[PDB]
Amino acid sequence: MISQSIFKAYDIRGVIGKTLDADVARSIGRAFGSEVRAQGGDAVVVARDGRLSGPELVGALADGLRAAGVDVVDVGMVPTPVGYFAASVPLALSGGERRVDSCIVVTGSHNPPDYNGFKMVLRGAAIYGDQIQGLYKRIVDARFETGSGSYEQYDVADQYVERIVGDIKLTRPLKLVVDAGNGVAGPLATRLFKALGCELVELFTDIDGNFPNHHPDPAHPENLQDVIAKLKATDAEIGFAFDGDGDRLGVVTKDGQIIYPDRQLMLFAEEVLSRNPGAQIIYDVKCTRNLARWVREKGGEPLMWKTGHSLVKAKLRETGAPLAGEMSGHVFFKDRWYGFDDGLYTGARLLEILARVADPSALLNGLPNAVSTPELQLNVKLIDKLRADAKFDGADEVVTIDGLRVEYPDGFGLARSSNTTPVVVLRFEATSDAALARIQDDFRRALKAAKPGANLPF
């Protein structure tokens, strides 16, 4: 029997042999195919990353979709944004062109080898919260549509590469270190950047779902140590590291500096706004205080939003903005693109900009910067105690779109609830070391008042 615990806020995730197996994939396919037909759709693209359980689960998923009466277009093993891309453009199928606007990618993303999961787009929307709980409920209830959908395999890689290459022409070749952590990003990302004219020093770009080198998880700096060492030991100029399904890009300079995605977004916003005067640029409440001012000085309108990739995507579709990015490293180009997050496309857009200068590392390092703390763990209940009763000494505003973002003249504090983990997340940024300390001291005393007696992590 299916476990409700695999149905998360933004996707479905489980562990092979424990909460996830072929039967589970099939019921999820049947539930999702049923929702597609109830919205009048008749087809779904499916794709997988390079995990060992991938081929079995994507086959079971396809069986379930077809049992609901939905046709399946299988684009095989490709990065996640390539499945999004297949759900965005006309497909030159053997029975004629066809447009298919829902997809499911079977992928465990940055997680250990035995994890896997499903990322779901239903008629262009990245479904979350109640719509995902509604798939679990159809399964419990056996409330399904019935039919006999067709199945076809389709390789969408050539259309994808040609679509990017035909719009991006680098000023000069740039020599890159590309680290895929043995994840699905490696083959097509290397193909793409070679197609743009770059020479590559490859790290772990062959598929190996045992992840025998380092997990493809650029969110941990320990997984970037190979790219940093390779940049010291070769004449490559810039390092790119992908997470396991390619919807996130990590960027390292020649001198070993990680460029966090809020700084990356400044560089993209500048170039995008130069062609879109006045446009909104969306980012989440974890991003640097520096973005608001940067975006204004560059002639745009900053729009600070909630954290969560699917929430940022919904907001992009609501506003028609040309660009969004989140601290976690998903970057969404609607300008000249399709508006889904894509690590390989972001890489290409970054090379377009970096190739205009002789020293890309100086360009990246010179982006605005500040001092910060790492993330701290302490949900929901205490966040409300804080909102109603906290005397934050000297703050300019307490922002409440997502937790409490407290803004000071010289930095900011954020306390919020996660959307998987059952505890409160904190982060701090300031314009000097002493200002970082005073801000924490301020949060410290507020949390001592709100939940008096608890052991804090700072």
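So that there is no doubt, residue numbering starts at 1 and follows the sequence shown.
Participant: Relative to the deposited sequence, how many residues with no modelled coordinates occur between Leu91 and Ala92 (none, 1 to 3, 4 to 9, 10 or more)?
Facilitator: The entry leaves nothing out here.
Participant: Comparing average C-alpha B factors as deposited, tell me which of 149 to 157 and 383 to 391 sits higher.
Facilitator: Mean B over CA atoms: larger for 383 to 391.
Participant: Where do the C-alpha atoms have the higher mean temperature factor in this entry, in 25 to 33 or in 413 to 421?
Facilitator: Per the PDB record, 413 to 421.
Participant: By the CA temperature factor listed in this entry, which of these ranks top: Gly278, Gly343, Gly209, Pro374?
Facilitator: Highest C-alpha B-factor among the listed options: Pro374.
Participant: Please pick out which of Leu52, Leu426, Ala47, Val44 has the largest Cα B-factor as recorded in the entry.
Facilitator: By C-alpha B-factor in the record, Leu426 ranks first.
Participant: Within this chain, which third does the Cα B-factor at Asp359 fall in: lowest, middle or highest?
Facilitator: Ranked within chain, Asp359 CA B lands in the highest tercile.
Participant: Looking at the C-alpha B-factor of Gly117, is it in the lowest, middle or highest third of its chain?
Facilitator: Lowest third.
Participant: Taking the chain's C-alpha temperature factors as the reference, tell me which third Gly64 falls into: lowest, middle or highest.
Facilitator: Lowest third of the chain for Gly64's C-alpha B-factor.
Participant: Could you say whether, by C-alpha temperature factor, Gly250 belongs to the lowest, middle or highest third of its chain?
Facilitator: According to the entry, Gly250 has a C-alpha B-factor in the chain's middle third.
Participant: How does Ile127 rank on Cα B-factor within its chain, lowest, middle or highest third?
Facilitator: As the PDB entry reports it, the C-alpha B-factor of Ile127 lands in the middle third of its chain.
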